[PDB]
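Spelled out from the first residue to the last, the chains are:
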Protein chains: 4
Amino acid sequence: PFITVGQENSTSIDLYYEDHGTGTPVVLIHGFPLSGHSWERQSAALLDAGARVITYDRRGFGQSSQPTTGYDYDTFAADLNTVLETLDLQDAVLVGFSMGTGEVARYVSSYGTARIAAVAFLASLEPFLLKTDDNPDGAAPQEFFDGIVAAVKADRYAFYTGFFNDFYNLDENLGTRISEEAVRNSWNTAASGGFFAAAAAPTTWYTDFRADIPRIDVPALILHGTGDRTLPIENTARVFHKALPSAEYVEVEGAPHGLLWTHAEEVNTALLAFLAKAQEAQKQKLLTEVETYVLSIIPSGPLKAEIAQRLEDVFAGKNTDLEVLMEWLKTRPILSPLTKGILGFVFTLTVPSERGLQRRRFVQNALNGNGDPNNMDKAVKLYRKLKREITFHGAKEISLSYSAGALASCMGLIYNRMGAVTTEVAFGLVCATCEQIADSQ
Amino acid sequence: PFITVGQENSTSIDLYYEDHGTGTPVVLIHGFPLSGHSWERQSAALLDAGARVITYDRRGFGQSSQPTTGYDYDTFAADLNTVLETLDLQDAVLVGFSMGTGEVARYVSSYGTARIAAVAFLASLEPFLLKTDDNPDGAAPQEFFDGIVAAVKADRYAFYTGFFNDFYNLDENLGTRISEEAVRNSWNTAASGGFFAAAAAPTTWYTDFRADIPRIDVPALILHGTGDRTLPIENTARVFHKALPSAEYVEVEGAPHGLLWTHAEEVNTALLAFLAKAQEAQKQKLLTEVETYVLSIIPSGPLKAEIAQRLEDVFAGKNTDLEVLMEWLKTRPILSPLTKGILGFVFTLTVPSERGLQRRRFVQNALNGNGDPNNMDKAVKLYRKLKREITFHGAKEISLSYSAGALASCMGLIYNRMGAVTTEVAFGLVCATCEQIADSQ
Amino acid sequence: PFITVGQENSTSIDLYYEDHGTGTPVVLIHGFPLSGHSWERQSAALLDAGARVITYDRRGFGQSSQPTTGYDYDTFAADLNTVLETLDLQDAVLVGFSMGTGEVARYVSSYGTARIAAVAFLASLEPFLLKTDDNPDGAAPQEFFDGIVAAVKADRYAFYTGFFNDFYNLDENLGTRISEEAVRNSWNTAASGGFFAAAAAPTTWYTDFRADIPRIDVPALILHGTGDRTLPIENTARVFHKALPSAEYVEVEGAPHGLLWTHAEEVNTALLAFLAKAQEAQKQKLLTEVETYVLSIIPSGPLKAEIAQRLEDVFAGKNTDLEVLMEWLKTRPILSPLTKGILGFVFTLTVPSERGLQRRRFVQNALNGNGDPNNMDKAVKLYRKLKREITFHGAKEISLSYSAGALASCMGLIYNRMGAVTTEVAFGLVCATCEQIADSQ
Amino acid sequence: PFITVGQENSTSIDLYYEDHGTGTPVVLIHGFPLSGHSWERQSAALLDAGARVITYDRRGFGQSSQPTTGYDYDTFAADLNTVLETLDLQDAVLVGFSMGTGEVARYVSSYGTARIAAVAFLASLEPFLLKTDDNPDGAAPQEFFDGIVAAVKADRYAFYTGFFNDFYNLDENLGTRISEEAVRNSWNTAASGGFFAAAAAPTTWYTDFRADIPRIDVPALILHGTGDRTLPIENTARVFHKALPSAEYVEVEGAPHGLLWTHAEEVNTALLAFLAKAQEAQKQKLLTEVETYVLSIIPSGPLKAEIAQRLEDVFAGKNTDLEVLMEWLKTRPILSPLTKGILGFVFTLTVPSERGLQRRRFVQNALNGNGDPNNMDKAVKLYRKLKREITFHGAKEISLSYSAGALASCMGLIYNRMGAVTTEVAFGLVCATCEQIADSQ
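Residues numbered from 1 in each chain as written, not as in the entry; some residues may be left out. Chains lettered and ligands numbered in written order. Part of a larger assembly, values for the part shown. Heavy atoms only, no water. Residues with missing side-chain atoms left out of burial classes, pairs and counts.

Caption draft 1: Quick look at the overall build of chain A. When its secondary structure is counted, chain A shows 19 helices and 8 strands. Its C-alpha atoms give chain A principal-axis dimensions of about 80 × 50 × 45 Å. Expressed as a percentage of contacts within chain A between residues at least 6 apart in sequence, the contacts between residues at least 24 apart total 75%. (Helix = DSSP H or I, 4+ residues; strand = E, 2+ residues; numbered from the N terminus. Contact = heavy atoms within 4.5 Å.)

Spelled out as C-alpha cells, the structure:
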C-alpha cells in the first residue's frame with residue numbers, strides 16, 4: 001500500500017505503508033537504515049494486545065520512493081502529517097525509534113496533538129546531538145557527522161556492516177539475542193534503501209529538537225538502552241528527561257541501539273504497559289461520552305438514576321445478565337418504546353457477554369423506522385458510508401445529516417445484524433440518533 | 001367489516017363479515033334467522049385450536065344489507081364466491097349449518113373445489129326437503145312451506161318465538177343446555193334481520209340439491225341431531241348419507257336443530273376432530289412441496305440424502321438440536337454458501353424449538369444480497385407486498401417476479417427479523433428463490 | 001362515525017365515536033361491558049354546561065369492531081392516542097369509568113399530558129386489583145379473575161344478567177334509581193359486544209397501574225361509590241388516593257359500581273364543579289398567556305401599569321365602558337400607533353359588551369398592513385389556515401410563520417369583520433404578532 | 001501485475017501475478033514460504049512446450065500484500081477464484097506444490113470444475129496431516145504444528161534456515177542438485193514475505209481435505225518425492241492415492257520436498273507428458289464438439305459418411321490435399337451451397353497445410369450473407385467481440401446471439417481474411433452457425 005506525499009519531477013513520491021488490526025491506532029516510525037518491517041516483534045505483540053498497527057517506510061527507505069529531495073525533519077513531519085490525515089487517524093499513539101523520534105517531536109511541535117493521545121520515544125535523538133558552545137551535552141562535533149556522510153558515500157554497502165555491528169552490539173549479542181540471519185535481513189533492508197537517502201539521512205541527525213520538547217502536550221514515554229553505542233544514553237535520553245520530567249522513563253539495562261529486536265521483551269512489555277494505560281483511559285472517555293448522549297433523551301427522575309447506574313456498571317465491566325437487563329427495560333413504564341429500543345441496543349452492544357440471547361422483539365419493533373421504505377432507503381445509504389468510518393466523531397457527524405426515522409432504521413439494521421460496523425462507529429450512530437431525538441424535545 | 005356483493009337500485013348490497021385468527025381458513029355459514037355471531041361457541045374452539053375463522057351474515061340477516069332481491073341458492077352461492085375471491089382463500093374449509101348447508105352444496109357444485117380442502121354439513125337441508133312423487137323421502141308438502149311464509153308475513157316477531165321453541169327444543173333444554181338469556185339474544189338477532197328476507201328465506205328451503213351432491217369432491221362431514229324437530233333426521237341427514245356414503249357421519253343423540261349451542265361440545269369436539277384430520281394433511285402437503293424446491297438446488301449425492309432425511313425428520317416433528325444442525329450445515333463441504341444460507345433459514349424456520357439460539361453469521365452473510373443497495377431496495381419492495389399475502393402460492397408467485405439477489409436479500413431481512421411475514425408466505429419466498437437459483441443451473 | 005386504529009387480517013379495526021357540542025373537549029371512556037352511550041346522563045349535563053363531548057366504544061364493545069387481538073392496556077392506550085391525535089385535541093379532559101380509568105392512567109403515563117388539561121377517575125381499577133405478596137391491598141386472588149373468564153366463556157348472555165345485578169345493586173336500586181327497562185338496555189348493549197372481547201376483557205382488570213400514578217401531572221379527580229360491589233372502595237379508590245393525595249376525592253355514599261345512572265346527579269354535580277374549576281384555571285392561564293404577550297411590546301413604566309390593571313379587570317369580568325377604554329388608548333402618549341391598535345383589538349375582543357360601538361378609525365389605520373398588497377395577500381392566506389384552527393397554540397404556531405406586516409394586516413381583517421375566527425384562535429394571532437414585534441426590539 | 005482480492009482497513013489486498021505465453025492456461029500455485037518465482041524451472045519448460053503460464057503470490061508471500069487476515073483455505077480458494085474469474089480462464093490446468101495443493105482441492109471442491117480441465121498435486125498436504133483418532137495416518141500431533149508457529153514467531157529469519165535444510169535435504173543435495181546461491185535466493189524470498197503470514201501459514205497445514213477429494217471431477221496427477229522430510233510420502237501421497245485411485249501417480253525416487261528445483265527434470269517430464277495427454281484429450285473433445293455441430297446440418301446418408309470420415313482424418317492429422325478436398329465438396333450433389341461453404345471453411349481451417357491455395361469462389365459466394373448490408377453490419381459487430389474472445393464456448397455463446405445471415409457473413413469475413421480470430425474462436429463461430437441452421441430444420 002502507498003500514500004503519495006509529493007512530486008519529484010515527472011514522478012510522485014509515495015510512501016509504502018501497512019495497516020493491521022483493529023482498535024486504537026498505534027503508528028510506528030522506523031529508524032535508519034531500516035523500514036516499517038523492523039517493528040515486526042513489536043507489531044505482533046500490539047496486534048495480540050488488540051491495537052490497530054500502522055507502519056510506513058520513510059522516504060528513501062524500504063519500499064518507499066527514493067527521491068533526492070526532502071531529507072529534513074520538516075518534510076519528514078509533513079510526510080507523517082499526510083499519512084495521519086489520509087487515514088483520518090483519531091486518538092493515535094505515535095511511537096518513534098531512533099530517527100523516528102525526530103518525526104514524533106517535530107510533528108507534535110508544528111501540527112499539535114489534535115489526533116494524538118500519547119507519544120513514545122525509543123532510542124531518541126533528543127534533544128540535540130550536536131556538540132556546541134550552547135550545547136555542551138551534545139554527543140559529537142559537526143566533523144563527526146560529516147565523517148559518516150563521507151563514509152556512506154564511499155561505500156554504503158560495506159558501511160552498513162560496521163554500522164550494524166554497533167547498532168546491535170554484535171560483539172555481545174550475536175548468537176544470543178540476535179541471529180546471524182536476522183542481521184543479514186537488516187543489511188538486505190538497508191541495501192534496498194535509496195543511495196541518496198543513505199548519505200542524506202545522517203545530516204538530519206543533529207537537528208535541534210530543543211524548542212519542540214515544550215510542545216509535548218500529551219502523556220509521553222522515554223525509553224533507552226544503557227548499552228547504546230549509537231546514541232549515548234548520557235547525551236540523549238538522560239538530558240531529554242530533564243527537559244521533559246513529566247515523561248515516563250525507562251532504561252533498558254545493557255540494551256544496544258537495536259533494542260527492538262535484542263530486547264523486544266523488555267520493550268514490548270514496557271510499550272505494552274504504556275498502551276495499556278493509554279487504552280483504558282480512551283475506553284473510559286468513549287464510554288462516558290456515549291452515556292451523556294444516551295441520558296439526554298430520558299426524562300429526569302429516579303428511573304434516569306437506575307438507568308445511569310446500570311450503564312456505568314456495564315461500562316466498568318461488571319458482566320450483567322443481559323436477559324435480566326432487557327426484561328427490566330422492556331417492563332419500564334414512562335419510557336417511550338423508541339427510548340427502550342435505543343437503550344436495548346446500547347446494552348446488548350456494551351454488555352460483556354450476550355450469553356447467546358436472541359434479539360428482542362421490543363427492540364426490533366422499536367428500531368424498524370416504522371417499516372417506512374424511504375427511512376429504510378436512507379438507512380441503507382448511511383450504512384454504506386458508516387462502513388467507511390473508523391471513528392466515533394466521523395460516524396456521528398455523517399449520521400447527523402440523516403433524519404431520525406432513517407437513523408433508527410439504520411440502528412435496527414445493525415441490531416438485526418443485516419449489516420456490520422465497528423463498535424465506535426455504532427456508538428456514533430446511536431449518539432447522533434439521541435442527539436436528533438433530544439433536539440426534537 | 002363488509003364485502004360488497006351487488007347493487008340494488010341506488011344502494012350497494014354489502015355483507016357483514018369477520019376474520020379472526022391465523023392458520024387454515026374455516027368459513028362458517030349461519031342458519032335462519034340468525035347471523036355469523038351464532039357460531040360463537042364454535043369460533044372460540046377453532047381459535048384455540050389454531051385456525052383462521054371467517055364468518056359472514058347472509059344477505060337480509062344480522063348486519064348485512066337487507067335487499068328485496070336475490071333470495072335463492074344461486075345468488076347465495078354467488079355471494080359466497082365473492083367472499084372467497086375477495087379474501088383469496090386457499091385450502092379453505094366450508095362449514096354450513098341449516099340454511100348454510102345449501103351454500104356449501106351449491107358453491108361446490110357450480111364453482112368447484114379449487115379453494116376448498118374440506119366441507120361439513122351440520123343440520124342439513126339436503127338432499128331435497130320437498131315431498132313429491134319423485135321425492136318420496138321429502139320432509140313436507142309444498143303447502144307446508146307456503147304456510148311458514150304466510151306465518152312470517154303475519155307477524156315475524158311472534159313467529160320467531162314459536163320457531164326458537166322447536167329450533168331449540170326449549171321444552172327439553174331451557175335452563176339446562178340453553179339459558180333464557182341466550183334465547184333472548186337469538187330473538188333479538190332475528191328481529192334485526194330484514195322483514196323481506198324473513199318471509200323470502202323459507203321459499204329457498206325446498207331447493208333440490210340432489211344434482212349438487214355428486215359434485216362433492218373433497219372430504220366431507222355430515223352431522224345431525226337426532227332430536228331435530230326443524231329438519232327431521234330421517235328426511236335429511238339419513239338419506240343424504242346414502243347419497244354420499246363417503247361422508248363421515250355423526251348423529252348427535254337427542255340434539256335439537258340448534259345443536260351449535262345446546263351441544264356445542266359434541267359439535268366442537270367432532271368439528272375439531274374433522275379440522276384436525278384436515279389440518280395435518282394440509283401441513284404435510286405444505287412441508288413436502290417446500291422440500292422439493294429446497295432439494296432442487298442441491299447437487300445429487302449422499303449429502304443430498306443426509307439433507308433430505310433431516311428435513312423430513314424436522315417436518316415430522318422430531319425436535320432436533322438446531323445448534324447441532326446448523327454447525328453441521330456450516331461445516332458441510334461442496335454446498336455453496338448461498339445454499340447453506342437457504343438451508344440455514346429453512347431449518348430455523350421449521351425446527352420445533354430454536355432454544356434461544358442466536359442467528360448464525362454464516363447465514364446472515366449468505367443472505368445479505370451482497371450488500372447491494374438495489375437488491376436491498378427491491379427486497380424491501382417485495383417485503384411490502386409479502387405482508388399482504390396469506391398463501392404459499394400467492395407469495396411464491398409475486399416473489400418469482402424479483403431477481404435472485406433481491407430474493408436472497410429479502411430472506412435475510414426476514415431471517416434477521418427486520419420484517420415479519422406468515423410462515424406459509426415465508427415458505428413461498430424461499431421456494432421462489434430456490435426455483436430461480438435452480439433455473440440458473 | 002369511526003376512527004381506524006389498526007388492521008386484523010383482511011379487515012381494519014375501527015372504533016365507533018361521537019363528537020358533540022363546542023367548547024373545551026371532554027373525552028368519556030366507558031366501562032365493561034357497555035359502550036359510549038352509557039355516558040348519556042353525563043353527556044347531557046356536559047352539553048348543557050357548554051363542553052365538547054367525545055365518546056367512543058372500546059374495541060370489542062358497542063359499535064366498534066370486534067377483533068380477537070389487542071386486549072391489553074397498552075393497545076387500549078394506543079387506541080385512545082390515535083383518537084386524540086386524529087381529532088387534534090388540545091387541552092382535553094379525560095374521564096374514565098371502571099375499565100376506562102385504565103386508559104386514562106396508561107395514556108398519561110406513556111404518552112404524557114401534552115393534550116391533557118385534567119383527568120378524572122370514576123369507579124377506578126387503580127392501583128392494582130391483584131392480591132399478591134407485594135400487593136396486600138389487592139381486591140382478589142388471580143383464581144378469582146380466572147373464574148370470571150371461565151364464566152363468560154360458558155355463557156356470556158346469562159353472565160351479563162348476574163353481572164348487572166352487582167353492577168347496579170339491583171336488589172337495592174331496581175324500580176328506584178334504575179328502571180327495569182334501563183337494565184334491559186344495558187344487557188342488550190353488552191350482548192352486542194364481541195364474544196371474544198367479553199372473555200378477554202376480564203384479563204386486563206388486574207393490570208398493575210402502580211407505576212403509572214406518579215406520572216399523573218395535571219389536576220385529578222377520584223370518585224367512587226361506597227356501595228361498590230364490583231370494585232371494593234377499600235382496595236381501589238381509598239388506596240389510590242393515598243398514592244395520589246393531590247387528587248380531589250369524592251365518595252358517593254352507598255352508590256353502586258354503575259353510579260353513572262343510579263347517582264347521575266351526585267356524579268354530574270362533582271364532575272361539573274370540578275370541570276368548572278379546571279375551566280376557570282384554563283381561562284386564568286389564557287389570560288396570563290395573552291396578557292404577558294401583550295405586555296411584552298409595551299415600554300416599562302407607569303403606563304404599562306395602567307394598561308396591565310385594565311387588562312386584568314376586563315379579564316376578571318368587570319364590564320368596562322369600551323368607549324371610555326378606547327378613547328383613553330387613543331389619547332395615550334408614548335405608545336406607538338401599532339401598539340395602540342393591538343391593544344384596541346384585544347380590548348374589543350375581551351370586553352364583556354361592545355355596547356354596539358362602531359369600529360375605531362385609529363385601530364383600522366393601525367392594523368392595515370400599510371395597505372401593502374403582499375402583506376394583505378399573506379394575511380388572507382393565514383386567515384384561511386386560521387379558520388381550520390381551534391386552539392390557541394395551533395393558531396399561534398402557524399401565525400409565527402408569517403411576517404409582522406402580514407400578521408397586522410390579518411388582525412385588521414378580523415377586526416374589520418372581513419373574516420371570522422374563534423376567540424382562542426384570535427388570541428393566538430395577536431400573541432404571535434406581539435411575539436414577532438417584541439423580538440424585533 | 002496485481003489482482004485485488006479484498007480490503008484490509010484502509011488498504012486493498014492485492015496479489016502479485018504473472019501471465020506468460022499463449023496456449024492452454026496452466027496455473028501454478030507455490031508453496032511456503034516461497035513465491036510464484038519458485039516455479040521458474042517448470043515455467044521455462046511449459047513455455048517451450050507451448051502453454052500459457054500463470055503464476056501468483058499467495059497473500060502474505062513474495063510480492064503480494066501482507067495482511068493480517070484471511071489465512072485459511074476458504075479464503076485462499078476464494079483468492080484463487082478471483083484470479084480465475086478476473087482472467088476468464090477456460091479449460092485451465094491447476095498445479096499446486098505443497099501449500100498450493102490445498103488451494104487446488106478446496107477450489108475444485110467448493111467452486112467446481114467449470115473452468116478446469118485437469119489438476120496436479122505435487123508434494124501434497126492431502127488428505128489430512130493432523131494425527132487424530134479418526135485420522136491415524138496423520139503425519140503429526142497438533143502440538144507439533146503449535147511448535148512451528150512458536151518457532152517462526154521466535155525468529156522467522158533463523159527459522160527459514162533450518163526449514164530449507166529439510167525442505168531441500170541440503171545434507172544430500174547441496175553442491176549437487178541445488179547450489180548455495182539458489183538456497184540463498186530462497187531464503188531472501190522467504191525473508192521478503194510478511195511476518196504475520198509466516199506465523200499464520202503453518203496453522204493452515206492440518207486442514208482436513210478428506211471431503212474435498214471425492215469432488216475431484218477431472219483427470220488428476222499426484223506426484224511426490226520419496227525422500228520428502230517435510231511431508232512424509234506415507235502420510236500424504238500414499239494415502240491420498242488410495243482416496244483417489246483414479247489419479248495418475250508418480251513417485252520421485254529420493255526426491256526431497258523442494259523437488260521443483262532438485263529434480264526439475266523428472267518433475268517437468270511427468271508434468272509435460274501428463275499435460276500433453278490432457279491436451280490431446282482436449283483436442284479430441286474439440287474435434288467431437290466441432291464435428292458434431294458440423295455434421296448436424298448434413299442430411300443423413302452415405303455422403304454424411306464420406307464427409308465425417310474426411311473430417312476425422314484431417315483432425316487426426318493426415319495432411320490431405322485441400323485442393324482435392326475442395327473440388328470434391330464443390331462437385332457434391334444434394335449439399336446446399338451454404339452447407340458446402342461451411343465445410344469449405346472448416347476444411348481450410350483444419351487442414352495441416354493449405355499449400356498456398358487461393359480462396360475458393362464457391363465458398364466466398366456461399367459465405368457472403370447474400371451481400372446484405374445489415375447482415376454485414378452485424379457480422380462486423382460480432383467480429384469486434386470475437387477479437388476479445390479466447391475460448392470456444394465464449395465465442396460460441398456470443399455468436400448464438402446473432403442471426404444466421406450475420407453469422408455466415410462473419411464467417412466469410414474471416415474466410416476472406418478481412419479479419420482474424422484465434423482458431424478455437426473461429427470454431428465457436430462456425431459451430432454457432434451450424435447450431436442456428438440445424439435449429440431452423
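Caption draft 2: Fine view of the nonpolar core. Core analysis: the biggest nonpolar cluster contains 192 residues, and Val119 of chain A together with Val119 of chain D have the highest contact counts within it. Every residue in contact with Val119 of chain A, bar those within four places of it in the chain, is listed here: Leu94, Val104, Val108, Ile216, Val218, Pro219, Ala220, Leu221 and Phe274 of chain A. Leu80 of chain B together with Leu87, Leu125 and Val183 of chain C belong to the second-largest nonpolar core, a separate cluster that totals 189 residues. (Core = buried A, V, L, I, M, F, W, Y, C linked by side-chain atoms within 4.5 Å. Buried < 20%, exposed > 50% of the residue type's maximum accessible area, 1.4 Å probe, protein only.)

Caption draft 3: Fine view of the relation of the copies chain A and chain D. It takes a turn of 117° to lay chain A on chain D, together with a shift of 2.1 Å along the axis; the resulting RMSD is 1.4 Å. Looking at the interface residues of chain A, only 5% of them are also at the interface in chain D, so each copy uses its own face. (Least-squares fit on C-alpha atoms.)

Caption draft 4: Molecular detail of the UniProt feature "active site" in chain A. Residues and elements named next belong to chain A. UniProt's feature table lists "active site" at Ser98, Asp228 and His257, given in the numbering used throughout. Spatially, the listed residues are clustered: although they cover 160 residues, their C-alpha atoms lie within 11.0 Å of one another. Considering the arrangement of structural elements, one finds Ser98 in the loop between strand 5 (92-97) and helix 3 (100-111). Assignment of secondary structure puts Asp228 in the loop between strand 7 (220-225) and helix 9 (237-243). Residue classification places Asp228 among the buried positions, given a relative accessible area of 6%. In contact with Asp228, other than residues within four places in its own chain, are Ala123, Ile233, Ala255, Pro256 and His257. (UniProt positions renumbered as here; feature names shortened; annotations may be inferred.)

Caption draft 5: Representation of the interface of chain A and chain D within the structure. Each partner contributes residues to the interface: chain A has 22 residues there, and chain D has 18 residues. In total, chain A and chain D occlude about 1700 Å² of area from one another, counting both sides; carbon and sulfur atoms represent 50% of this. Among the residues of chain A in contact with chain D, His20, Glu40 and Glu181 of chain A are the three that bury the most area, contributing 27% of the side total. For the pair chain A and chain D, the interface holds 1 salt bridge. When the shortest N-O distance is used, the salt bridge between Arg156 of chain D and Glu40 of chain A registers 2.8 Å. Our count for the contact surface shared by chain A and chain D stands at 13 residue pairs in polar contact. (Buried area = accessible area lost by both parts, 1.4 Å probe. Salt bridge = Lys/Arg side-chain N within 4 Å of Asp/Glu carboxyl O. Polar contact = N/O pair within 3.5 Å; in protein donor to acceptor, adjacent residues only side chain to side chain.)

Caption draft 6: Main features of helix 19 (residues 423-440) of chain A. Residues and elements named next belong to chain A. Between its first and last C-alpha atoms helix 19 spans 26 Å; for 18 residues at 1.5 Å apiece the expected length is 26 Å, and the two agree. Burial in helix 19 covers these residues: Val425, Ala426, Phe427, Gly428, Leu429, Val430, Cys431, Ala432, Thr433, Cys434, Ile437 and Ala438. On its buried face, helix 19 is in contact with helix 11 (264-295), helix 14 (337-350), helix 16 (373-387), helix 17 (392-399) and helix 18 (404-415). (Expected span 1.5 Å × (residues − 1).)

Caption draft 7: Structural context of the sheet that holds strand 1 (residues 2-8) of chain B. Residues and elements named next belong to chain B. If you trace the 8 strands from one edge of the open sheet to the other, you get 1-2-4-3-5-6-7-8, paired in mixed fashion. Only two strands of the sheet have a single partner each, and these edge strands are strand 1 and strand 8 (248-252). Across the sheet, the mean angle from the axis of one strand to that of its neighbour is 20°, orientation sign disregarded. (Pairing = 2+ DSSP bridges. Axes fitted to C-alpha atoms, helices over the stretch in contact; angles between N-to-C directions.)

Caption draft 8: Layout of the environment of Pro33 of chain B. All names here are of chain B. Turning to its location among the elements, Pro33 is positioned in the loop between strand 3 (25-29) and helix 1 (40-48). On the basis of relative accessible area, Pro33 is assigned to the buried category, the value being 1%. For the pair formed by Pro33 and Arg417, sequence separation is 384 residues and the distance between their alpha carbons is 47 Å. Those residues in contact with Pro33, other than ones at most four positions away along the chain, are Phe61, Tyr160, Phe163, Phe164, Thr189 and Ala190.

Caption draft 9: Expanded view of the sheet that holds strand 1 (residues 2-8) of chain A. Residues and elements named next belong to chain A. Pairing is mixed across the open sheet formed by 8 strands, whose spatial order is 1-2-4-3-5-6-7-8. Each edge of the sheet is formed by a strand with only one pairing partner; in this case those strands are strand 1 and strand 8 (248-252). On average, each strand axis in the sheet is inclined to that of its neighbour by 20°, with strand direction left out of account. With 4 bridges joining them, strand 3 (residues 25-29) and strand 5 adopt parallel strand pairing. Counted as the bridge partner of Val26 is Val93 from strand 5. Each of strand 1, strand 2 (11-20), strand 3, strand 4 (52-56), strand 5 and strand 6 (116-122) is contacted by helix 2 (residues 73-87), which is oriented at about 135° to strand 1, the strand it contacts most.

Caption draft 10: Layout of the packing of helix 14 of chain A against helix 18 of chain A. Residue and element names in this part refer to chain A. Packing of helix 14 against helix 18 leaves a shortest axis separation of 11 Å and a crossing angle of 35°. In the packing of helix 14 onto helix 18, the handedness of the crossing is left-handed. Every residue of helix 18 that contacts helix 14 at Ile342, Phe345 and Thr348 is listed here: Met411, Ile414 and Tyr415. Of the residues assigned to the contact of helix 14 with helix 18, the class counts are 5 nonpolar, 1 polar and no charged. (Left-handed = near helix turned anticlockwise from the far one by under 90°. Nonpolar A, V, L, I, M, F, W, Y, C, P; charged D, E, K, R; others polar.)

Caption draft 11: Expanded view of the packing of aromatic side chains. Under the criterion given, the structure shown has 102 aromatic pairs over all chains. Plain terms: the ring middles of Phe163 of chain C and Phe164 of chain C are 5.8 Å apart, the flat faces sit at 75° to each other, and that makes the pair edge-to-face. In this structure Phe164 of chain C comes out as buried when scored by relative accessible area, which is 1%. The residue whose ring lies beneath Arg41 of chain A is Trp261 of chain A, and the NZ or CZ to ring-centre distance is 3.7 Å. Over the ring of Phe76 of chain B we find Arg58 of chain B; its NZ or CZ atom is 5.7 Å from the centre of that ring. (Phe/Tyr/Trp six-rings, centres within 6.5 Å; stacked < 30°, edge-to-face > 60°. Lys NZ or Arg CZ within 6 Å of the ring centre and 35° of its normal.)

Caption draft 12: View of the pattern of salt bridges. Inspection of every chain in the model, using the stated rule, returns 78 salt bridges over all chains. Two residues, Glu354 of chain B and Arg417 of chain B, come together in a salt bridge whose shortest N-O distance is 3.4 Å. Here the residue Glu354 of chain B occupies a position in the loop between helix 14 (337-350) and helix 15 (361-366), and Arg417 of chain B occupies one in the loop between helix 18 (404-415) and helix 19 (423-440), the gap between them amounting to 63 residues. Ionic pairing is found between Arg115 of chain C and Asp88 of chain C, a salt bridge with its closest N-O pair at 3.1 Å. With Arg115 of chain C in the loop between helix 3 (100-111) and strand 6 (116-122) and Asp88 of chain C in the loop between helix 2 (73-87) and strand 5 (92-97), this residue pair connects regions lying 27 residues apart in the sequence. One network of salt bridges, with partners in common, ties together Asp166, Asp171, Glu172 and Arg229 of chain A.

Caption draft 13: Molecular detail of the side chain of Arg58 of chain D. Along the chain, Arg58 of chain D falls in the loop between strand 4 (52-56) and helix 2 (73-87). Every residue in contact with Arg58 of chain D, bar those within four places of it in the chain, is listed here: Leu15, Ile29, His30, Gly31, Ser64, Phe76, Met99, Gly100 and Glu103 of chain D.

Caption draft 14: A look at the pairing of strand 2 (residues 11-20) of chain B. Residues and elements named next belong to chain B. Of all 10 residues in strand 2, 8 are buried; the element is thus mostly enclosed. One ladder, built from 6 bridges, connects strand 1 with strand 2; its direction is antiparallel. Among the inter-strand pairings, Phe2 is bridged to a residue of strand 2, identified as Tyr16. Where strand 1 folds back on strand 2, the antiparallel hairpin that results is connected by 2 residues, among which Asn9 adopts a positive phi of roughly 50°. The pairing of strand 2 with strand 4 (residues 52-56) spans 4 bridges and is antiparallel. Each bridged residue has a counterpart across the sheet, and for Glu18 the counterpart in strand 4 is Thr55.

Caption draft 15: Representation of the state of the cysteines. Residue and element names in this part refer to chain B. Summed over the entire model, instances satisfying the criterion amount to 0 disulfides over all chains. Considering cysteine sulfurs only, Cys434 is the nearest to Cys431, which forms no disulfide, with 6.0 Å between them. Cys431 sits in the buried class, given a relative accessible area of 0%. (Disulfide = S-S within 2.5 Å.)

Caption draft 16: Up close: unusual backbone geometry. Here the residue pair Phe32 of chain A and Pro33 of chain A is connected by a cis peptide bond, since its omega of 0° sits within 30 degrees of zero. Even without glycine at this site, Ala123 of chain A takes up a positive phi of about 50°. Mapped onto the elements, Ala123 of chain A comes out in the loop between strand 6 and helix 4 (142-154). Although it is not a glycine, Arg417 of chain C adopts a positive phi angle of roughly 60°. Judged by relative accessible area, which is 55%, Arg417 of chain C ranks as exposed.

Caption draft 17: Geometry of the side chain of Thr207 of chain C. Within the secondary structure layout, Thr207 of chain C lies in the loop between helix 8 (195-200) and strand 7 (220-225). Polar contacts involving the side chain of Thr207 of chain C include one to the main-chain carbonyl oxygen of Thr204 of chain C, which spans 2.7 Å.

Caption draft 18: Fine view of the packing of helix 14 (residues 337-350) of chain D against helix 19 (residues 423-440) of chain D. All names here are of chain D. Following both chains from N to C, one finds helix 14 and helix 19 inclined at 160°, their axes separated by 11 Å at the closest point. Viewed along their axes, helix 14 and helix 19 adopt a mutual orientation that is roughly antiparallel. Here the hand of the crossing between helix 14 and helix 19 comes out left-handed. Along the contact surface, helix 14 presents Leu338, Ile342, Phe345, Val346, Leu349 and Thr350, while helix 19 presents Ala426, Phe427, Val430, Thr433, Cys434 and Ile437. The class makeup of the residues in the contact of helix 14 with helix 19 is 10 nonpolar, 2 polar and no charged. (Parallel < 35°, antiparallel > 145°, perpendicular 65-115°, else oblique.)

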